[PDB]
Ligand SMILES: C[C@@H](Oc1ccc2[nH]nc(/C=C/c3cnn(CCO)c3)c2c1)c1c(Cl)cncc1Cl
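Below you'll find only one chain, the form deposited without the named molecule, shown as structure tokens.
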């Protein structure tokens, strides 16, 4: 691994703490991330290879690191802070979102702590982050509330947008250990035709909107993958959730248009959601 002085950070300025999830991501304290405050601590997330990882695992982490370098900075994504590539294991140092992922954030606050304008703000922020990623020609391919993280200040940050994804060997029946069926976030053109565009991410955003306004509900409730296939071929769409205004369910159904070109763009979604925010009563 060649030395990139612009991004390299001394590994001895890291103190590794508790795993956030399993390569694997660990919470850590970094000293002097701000060069002007060399002895000041900050809390970061460190991604690293699992034990006994393959060379493909290494290639994948390197790939993500390089994507992160090129993506640039935005308020509503998880940003690259630094890397450790020399004389030791590969570390990719990322921003740490104190309150965890948006799905769990929502489920833990069911009534209540969550008001309509703050829910719309969550959606608006995700749309802003996705607008940015699109402008950098980044397709996420698994946009979901589980891959949006929440800061101490309730800022939404899109995560895992730079993952090396094996789109040509997706296990559609795959259920995660938390019980998630990721196929339920895939646009039909991606699932059926293996076509991904920014408009397939817009479909996924529609599903994410439904997650937000169900306070972390699981999509297509009670429907297993075999049935989801046939339902999608028949044009099935989720029902309007309880306590969800027609403006928001309207946006969901637009995000789920059969024709990718007839879905809103992220720019249009940002504008639509801004309008709902400005209509909030004072």
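Positions refer to the first chain, counted from 1.
What comes next is about the form solved in complex with the named molecule, which is not displayed.
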Exercise: residue 101 in contact with the named molecule in the entry with it bound, heavy atom 4.5 Å = yes
Using the partner position in the entry with it bound, report whether residue 146 sits within 4.5 Å of the named molecule, counting heavy atoms only.
-> yes
4.5 Å heavy atom contact, residue 20 to the named molecule in the entry with it bound = yes
Taking heavy atoms and a 4.5 Å cut-off, does residue 25 contact the named molecule in the entry with it bound?
-> yes
With the named molecule left out of view, which of 187, 209, 96, 122 would have a heavy atom within 4.5 Å of it in the entry with it bound?
-> 96
Could you tell me which one of 49, 45, 252, 30 places a heavy atom within 4.5 Å of the named molecule in the entry with it bound?
-> 45
